[PDB]
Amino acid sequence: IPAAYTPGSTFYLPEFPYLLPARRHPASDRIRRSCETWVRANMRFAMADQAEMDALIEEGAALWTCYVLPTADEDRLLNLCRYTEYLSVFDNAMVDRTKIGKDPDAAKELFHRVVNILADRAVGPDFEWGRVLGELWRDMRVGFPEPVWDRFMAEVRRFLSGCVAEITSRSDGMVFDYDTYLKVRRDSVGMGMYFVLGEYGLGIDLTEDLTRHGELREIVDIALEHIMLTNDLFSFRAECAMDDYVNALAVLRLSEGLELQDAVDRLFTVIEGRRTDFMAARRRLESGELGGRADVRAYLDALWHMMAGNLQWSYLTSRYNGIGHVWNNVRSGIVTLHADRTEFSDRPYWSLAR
């Protein structure tokens, strides 16, 4: 794998229009405080030391959830934040993408343990993973209609399948082409789970509407690709400094031969295309049979906030931008990709000098 970038590389990051500043849940600060308390109390078993726990909380996974579901009910959103942190703690403590790409026995052992936990059969060393998940899903299931809950469970299993298929072809050696990256990443990104959790957040149930109208399924799918591609743009530096190349920008560099700026321009254009496709789909849906439905209107608005909040959080998080990152509020300008951090400068596109 030739490098997708070299430390100190630069490119101009443009600001996607419309999306920012993203709407945030009005009770975010209050929600995140309770979430943090819960994480430090219940997920301590999974972290080596205090410093690792602090570093993980500092990435702000619960803040992602508050930006992505800003019209959710506050008490429901607290449950979802704790679920988001649980999944991040699980990834950090249990998943060594490097070890399990090079070692099929280690991959197999992880998969067996995840099956046990997901199926609520966790004993011995993994007992706490299944206890915590059980109580969390117990809390979440209150006021969570069964047709929506079943779709959420299908999304969790789809997330597992996607993560497996991505490891399957990462220990296969090849860096994907775009079309193959799309089929894998659409499932491994896990955003499918949050489209359904967003119905729960709103207190609505669109099961029958999703069955009846493919235009409604299509708009969800447009938002899915928007979010996964936007995520890849901002996670590129960190993920390609770990040699994980299931990343759209890596794919455009290494498989389609674009220079870094041209690959960023191309990925920007694709994501903008999903944003314009989304707005066009939304106009048709809000003028058709479902346009009189306040619950459907609320959900289409919520889909927008998931796209916008996902972009907003990508600037904020140390997970992508480096240990100790504090965002300087610069949304566009020349970015410098260092080995340990993303530097956002406001230097303009005309000054690239290349």
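Position 1 is the first residue in the sequence shown; the rest follow in order.
For the segment pair 322-330 and 46-54, the entry gives 46-54 the higher mean B-factor, averaged over Cα atoms. Averaged over CA atoms, B-factors in the entry run higher in 239-247 than in the other of 239-247 and 120-128. Note on the listed residues 213, 266, 82, 113: the highest Cα temperature factor in the record is that of 213.
The PDB entry assigns the greatest CA B-factor among 193, 78, 224, 142 to 142. In the PDB entry, residue 37 places in the highest third of its chain by CA B-factor. Ranked by C-alpha B-factor against the other modelled residues of its chain, residue 146 falls in the highest third.
Annotation for residue 70: CA B-factor lies in the lowest third of the chain's modelled residues.
Among all modelled residues in this chain, the alpha-carbon of residue 98 has a temperature factor (C-alpha) in the highest third. Sorting the modelled residues of the chain by their CA temperature factor places residue 60 in the middle third.
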